[PDB]
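Residue numbering for the sequence shown is 1 to 15, 22 to 304, as defined by PDB author numbering. Think of the CB as a built atom: it goes at the ideal place given N, C-alpha and C, for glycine as much as any other residue.
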Amino acid sequence: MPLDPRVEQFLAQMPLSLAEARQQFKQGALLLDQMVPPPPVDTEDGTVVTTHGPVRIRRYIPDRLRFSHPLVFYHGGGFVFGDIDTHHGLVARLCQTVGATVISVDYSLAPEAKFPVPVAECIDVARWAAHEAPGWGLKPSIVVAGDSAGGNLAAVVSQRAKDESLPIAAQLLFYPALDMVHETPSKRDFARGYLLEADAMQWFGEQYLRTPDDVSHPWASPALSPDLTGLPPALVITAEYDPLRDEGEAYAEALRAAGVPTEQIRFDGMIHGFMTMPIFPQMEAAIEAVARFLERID
Numbered sequence: 001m002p003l004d005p006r007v008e009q010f011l012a013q014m015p022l023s024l025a026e027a028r029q030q031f032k033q034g035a036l037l038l039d040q041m042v043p044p045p046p047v048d049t050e051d052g053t054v055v056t057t058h059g060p061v062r063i064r065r066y067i068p069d070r071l072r073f074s075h076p077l078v079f080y081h082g083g084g085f086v087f088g089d090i091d092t093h094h095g096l097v098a099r100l101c102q103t104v105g106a107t108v109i110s111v112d113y114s115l116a117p118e119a120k121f122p123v124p125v126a127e128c129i130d131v132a133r134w135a136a137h138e139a140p141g142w143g144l145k146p147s148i149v150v151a152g153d154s155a156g157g158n159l160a161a162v163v164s165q166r167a168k169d170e171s172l173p174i175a176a177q178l179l180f181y182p183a184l185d186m187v188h189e190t191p192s193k194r195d196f197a198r199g200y201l202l203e204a205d206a207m208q209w210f211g212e213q214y215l216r217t218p219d220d221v222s223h224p225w226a227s228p229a230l231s232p233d234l235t236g237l238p239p240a241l242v243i244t245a246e247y248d249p250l251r252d253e254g255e256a257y258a259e260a261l262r263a264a265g266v267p268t269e270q271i272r273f274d275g276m277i278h279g280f281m282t283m284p285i286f287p288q289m290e291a292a293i294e295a296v297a298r299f300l301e302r303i304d
């Protein structure tokens, strides 16, 4: 299907040390938020004790609480970039539109921390949230969510949940990375020029993984896991013109065939990253999809 017109315009107007690259990513997120301001939302900052150290979080409190599970949100950025502030535009909207409490997680970035450190942190924070939930007046089963690399983390946390005695009611995967081993058609065909590029993905992996063999570990490549039965209900949102599209959609099909309640939504004409790009109305459409999906959990 054609590229969305606003996406087309955005790609046409696109024009370092690690620190400079991280700063440039943050500046880009700020510019988009200046173009389309987030909704006001009450927040509280805190720090969770994990098995790998303190992890900063920010809890978002909706004006009106309508959803009975906490959400725990893991930002994207290739495992190397991003933070709570870069994803505030998305999380503020998830909070207020769903009417959910959301815990946004500042997990440890690569290459300073390597695989599987953030996976461990993200489990620990989910466990904390499940423990805290009743004192927030909520059910002790959590919803995990994330975009891109953060969607990878949400998927892995979900696969580990039973083994980790972690109660998870649903998983929300926004254009996740899920298979670092296999090339898919979308990975070949949309490899260059659609914001998320082949060269960058290679580099992100070099920063995150310890050795090349880690690509086949299921905590890096959750799509390789042979048994998906009994996993949490899943919303899998993809973008049509995204190298990661096909692995996302294939994982949704696999979940569905494993008896996992699954909703699979491709946003046509879109690119990777669209749910943190509020210049696109499809971002809010996708957040409405989240609210509608979560209405069905209880």
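Taking the alpha helix (DSSP H) that residue i belongs to, which residues open and close that run?
i, result
"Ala160", "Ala155 to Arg166"
"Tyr247", "Here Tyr247 belongs to no alpha helix (DSSP H); instead the beta strand (DSSP E) covers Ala240 to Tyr247."
"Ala292", "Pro287 to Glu301"
"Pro191", "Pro191 to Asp195"
"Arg99", "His94 to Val104"
"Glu255", "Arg251 to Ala263"
On a CA-only basis, which of the options is nearest residue i? Give me that one, please.
i, options, result
"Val111", "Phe121, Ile129, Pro122 and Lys120", "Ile129"
"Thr268", "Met41, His188, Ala256 and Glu203", "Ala256"
"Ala226", "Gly236, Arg262 and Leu215", "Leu215"
"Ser147", "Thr57, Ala126, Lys32 and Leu172", "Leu172"
"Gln9", "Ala240, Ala295, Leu201 and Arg302", "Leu201"
"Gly141", "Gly82, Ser74, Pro124 and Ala98", "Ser74"
"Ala27", "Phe85, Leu3, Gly59 and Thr56", "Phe85"
"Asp185", "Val221, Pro191, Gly199 and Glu203", "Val221"
"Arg166", "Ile109, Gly236, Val104 and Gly143", "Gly236"
Determine the extent of the beta strand (DSSP E) in which residue i is found, giving its start and end residues.
i, result
"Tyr214", "Per DSSP, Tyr214 belongs to no beta strand (DSSP E); it is in the alpha helix (DSSP H), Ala204 to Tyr214."
"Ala132", "Premise fails: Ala132 lies in the alpha helix (DSSP H), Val123 to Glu138, not in any beta strand (DSSP E)."
"residue 19", "Structure remark: the chain lacks residues between 15 and 22, so residue 19 is without coordinates."
Residue i and residue j look like a contact to me (Cβ under 8 Å); what is the Cβ gap, rounded to whole Å?
i, j, result
"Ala175", "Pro228", "Contact flag wrong, Cβ pair sits at about 18 Å."
"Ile293", "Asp248", "Between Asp248 and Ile293 the Cβ distance is about 18 Å, and since that is not below 8 Å, they are no contact."
"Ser154", "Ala183", "6 Å"
"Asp51", "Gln102", "Not really, about 18 Å apart at Cβ, beyond 8 Å."
"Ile63", "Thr107", "Contact doesn't hold; Cβ gap of about 12 Å is too wide."
Using 8 Å as the threshold, is the C-beta distance between residue i and residue j below it?
i, j, result
"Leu179", "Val149", "no"
"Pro76", "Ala151", "no"
"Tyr181", "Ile271", "no"
"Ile285", "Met41", "yes"
"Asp252", "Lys193", "yes"
"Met1", "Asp195", "no"
"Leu71", "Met283", "no"
Exercise. Is the segment 93-100 in contact with the segment 114-121, if contact means three or more CB pairs nearer than 8 Å?
Worked result: No, the segment 93-100 is not in contact with the segment 114-121.
For this session: Specify whether the segment 200-215 and the segment 256-265 touch according to this definition: at least 3 beta carbon pairs, one from each stretch, less than 8 Å apart.
Result: Touching, no, given that fewer than three Cβ pairs across the two stretches are closer than 8 Å.
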